[PDB]
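Trainee: here are the coordinates; sequence isn't available:
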Ligand SMILES: [Ca+2]
């Protein structure tokens, strides 16, 4: 590149546009980012440079054994638009810098892609979309090295987007939020939050600016500074919302209080608690073989409106893409299972001969429904990480269950074989093998049913030997006395292993996993906070029992910012200014590092040595001449 | 004491060394030019 | 036939077959111990 610098810096020689374009094409084809930077920086008009034939040639320069070439020929001029649309999805798939950036991302030219990003216009959305695209392509790379390179470049682009938004937000919160919530035309009119959700950029959600924006959207039209007690007080007595307790602007006031996501969340929590109370009241008292009463019909209508709401938020959650995204959430699976169990229980009950089966199904369905209340504490800032840490402990739980099952089988079968009770019915065998040793882990040790010194000695059994009568109801009629000391020793070893070793080991594993995964679980909570807020943003303002009204309107009719062209161009210019400032600061910080100082010092010492040698030779020549 | 401890850090030593090498380069260039001029004059 | 010997010859398939056989062996052992084991000839 030094030769190019020397040639192009000459003032006597000027270079016409033809040579510049030829050299630019050569450098773009041959992957020389420094040359393309030099040529473009020397007054080159890139807009007139690019032609459809030039882009076709650039895409034809793809390697023969490359994923981009494979997909381009599978789609069949380069019809890369179809390739993009089949990669990302119709929701978020796509100075011609955007085209060059897309080409470099497709061909995995890391420095070319970074340089094009540094010269782009919509920098934050381009970084998020590039991270999404690189992750998607890494999902399709057969070579592990290609997948690793794509994931590394995706992480680099995510870091660039996070840093740029951090720079922008510290300038003005209003314009940064406007940039974050706008729709980018290049990436299918998807907002930066949608792209960050699609790309699983959890580090983008975890920063302070995005979290503050999410908190602002969570409180709706009232001030985020509003405390919880004031909100609850205003909720319970609606006419009190008009006083100075709640600060707004951040009949109209009524719709601004009852339309906030947090108010809808609280209304749904209250309605769910009342639904559980009604369910328990019906289950414990009202449920009778007689035809359903008023409370049963009210419960059925409540469950019907719950099902309608689940259907609505599954449809509104590509139809197949929306269905997959709705089913991908565990809290929605917990709703679907509960509703299916409710339907099965009611259907069984309505049959005259299946009343008890229906009641049992509904009794289990009550547990299924009540488990859903755990979603309430995913909104807390302190206990939000805890619930997502807890979900990581299932490996330890299942390890403990497997070890416990093996040990219970061994100990129970050995003890049952030693005792030889005469009531050897299969349910009794299973009970004395599994249920009793399991209860011995929780302080329920039936010594009178196992230790022969505590029993009565009688010759009930006709078989030869000695036998004793345990007073237990399901402990067998009589047991053998041959090796009772071994039964006692087996009990001692069981208490030593199960009550101490396994439980202490499980505690150790829980502590280890907690300390290992707390850091990632915090970020996961911060990422899923957006899904929570966007779920409650579009919900109807009514509670489920009355929500059939809102759904009716939604049947009667069968996160966005609108910007004019001038406002959009001003926002993009501001973003580009901040990107240039950030890049210059990063480059300056790199240049002032100790390694760079040492390198420059070494180069200057070499230059001094060359000058010293030249002076030495010239002094020798002068001395020779003057003598 | 704090200022002295900061001045004796490796980063400051490297910075001062770079500045002194630049000064040496300037003096070497001056001596080069003066030697060329002296050789021209004496010939 | 080659596909048959390629499925039943894999190490993981042999591992699963041995796991199933060991579980059945333990079940038979427990059945013999708790019920069948009597002073009469086996
Ligand atoms: Ca739901």
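Mentor: Received the coordinates, thanks. Numbers count the residues shown, from 1 in each chain, chains lettered A, B, ... in the order given.
Trainee: Now the lengthiest helix in chain A: buried residues?
Mentor: In chain A, taking DSSP state H as the definition, the longest helix is helix A:503-537. Under the neighbour-count criterion of 16 or more other CB atoms under 10 Å in any protein chain shown, helix A:503-537 has A:506, A:509-510, A:513, A:517, A:521-522, A:524-530, A:532-536 buried. Placement of C-beta: from N, CA and C, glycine included.
Trainee: packing partners for the following helix or strand past it?
Mentor: Heading C-terminal from helix A:503-537, the first helix or strand you meet, by DSSP states H and E, is helix A:544-556. If you count contacts as 3 or more CB pairs under 8 Å, 6 or more residues apart in numbering or on different chains; DSSP states H and E, helix A:544-556 packs onto helix A:261-281, helix A:294-315.
Trainee: Now do helix A:544-556 against helix A:261-281, angle only.
Mentor: 120 degrees (axes from the mean of the first three to the mean of the last three CA atoms, to 10 degrees).
Trainee: rewinding a little: let me know which of the helices and strands packed on helix A:544-556 is the nearest to residue A:109.
Mentor: helix A:294-315 (41.6 Å; CB to CB).
Trainee: hmm, that closest one touching the ion?
Mentor: No - judged by CB under 5 Å from the ion, helix A:294-315 and the ion are separated, with a smallest distance of 5.7 Å.
Trainee: and the angle from that helix to helix A:261-281?
Mentor: 140 degrees.
Trainee: What are the buried residues along helix A:294-315?
Mentor: Here helix A:294-315 shows A:296, A:299, A:302-303, A:305-310, A:312-314 as buried, counting by 16+ other CB under 10 Å.
Trainee: same thing with stretch A:48-62?
Mentor: Quick answer for stretch A:48-62 (16+ other CB under 10 Å): A:49-50, A:55, A:58-59, A:62.
Trainee: With stretch A:337-351 instead?
Mentor: A:338-339, A:341-342, A:344-346, A:348-349.
Trainee: chain center to it, what's the gap?
Mentor: 33 Å (CA atoms, centre = their mean, to the nearest Å).
Trainee: re the thing from before, pick the one among the buried residues of stretch A:48-62 closest to residue A:244.
Mentor: Using CB to CB, the buried residues of stretch A:48-62 come closest to residue A:244 at residue A:50, 60.6 Å.
Trainee: The stretch 151-300 of chain A: helices as residue ranges?
Mentor: Applying DSSP state H, counting those that start in this stretch to the stretch 151-300 of chain A gives helices spanning A:173-181, A:192-198, A:202-205, A:208-218, A:228-236, A:252-257, A:261-281, A:294-315.
Trainee: what would these look like in JSON lines with distance to residue A:1?
Mentor: Output for these, formatted as JSON lines (distance: least, CB to CB, whole Å):
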{"stretch": "helix A:173-181", "distance to residue A:1": "36"}
{"stretch": "helix A:192-198", "distance to residue A:1": "35"}
{"stretch": "helix A:202-205", "distance to residue A:1": "35"}
{"stretch": "helix A:208-218", "distance to residue A:1": "39"}
{"stretch": "helix A:228-236", "distance to residue A:1": "62"}
{"stretch": "helix A:252-257", "distance to residue A:1": "61"}
{"stretch": "helix A:261-281", "distance to residue A:1": "55"}
{"stretch": "helix A:294-315", "distance to residue A:1": "57"}
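Trainee: which strands and helices sit next to the host helix or strand of residue A:576?
Mentor: Taking DSSP H and E as the criterion, residue A:576 maps to helix A:565-591. Under the contact criterion of 3+ CB pairs under 8 Å, 6+ apart, helix A:565-591 touches helix A:123-138, helix A:144-169, helix A:173-181.
Trainee: Which helix or strand lies directly C-terminal to that helix?
Mentor: Downstream of helix A:565-591, the first helix or strand assigned by DSSP H and E is helix A:594-626.
Trainee: Can you tell me which residues in chain A are near chain B?
Mentor: A:594, A:597-598, A:600-601, A:604-605, A:607-608, A:611-612, A:614-615, A:618-619, A:621-622, A:625-626 (CB under 8 Å from any CB of the partner chain).
Trainee: are any of the residues you listed buried, and which?
Mentor: Using 16+ other CB under 10 Å, the buried members of the residues of chain A next to chain B are A:597, A:601, A:604, A:608, A:611, A:622.
Trainee: For the first one, which non-adjacent residue is spatially closest?
Mentor: Yep, that's residue A:597 we're talking about. residue B:14 (5.1 Å; CB to CB, 6 or more residues apart in numbering or on different chains).
Trainee: Please look at the one you found and residue A:594 and confirm they touch.
Mentor: Yes - counting by CB atoms under 8 Å, residue B:14 touches residue A:594, with 6.0 Å between them.
Trainee: Mind checking what secondary structure the residue in chain A that chain C sits nearest to has?
Mentor: The minimum distance from chain A to chain C, using CB to the nearest CB, falls at residue A:417 (4.4 Å). At residue A:417, secondary structure determined by DSSP: H, G, I helix; E, B strand; the rest coil is helix.
Trainee: So it versus the ion, what's the distance?
Mentor: Per CB to the ion, to the nearest Å, residue A:417 is found 51 Å from the ion.
Trainee: How many residues are close by that residue?
Mentor: 16 (other CB atoms under 10 Å in any protein chain shown).
Trainee: Assumed residue A:15 was part of a strand.
Mentor: No - counting by three-state DSSP, residue A:15 is not part of a strand but coil.
Trainee: re the thing from before, can you convert the buried residues of stretch A:48-62 into a markdown table and add a column each for secondary structure?
Mentor: Formatted as a markdown table, those follow (three-state DSSP):
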| residue | secondary structure |
| --- | --- |
| A:49 | helix |
| A:50 | coil |
| A:55 | helix |
| A:58 | helix |
| A:59 | helix |
| A:62 | coil |
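Trainee: so which of those would you say is closest to chain B?
Mentor: Here the nearest of the buried residues of stretch A:48-62 to chain B, counting by CB to the nearest CB, is residue A:49; it sits at 40.3 Å.
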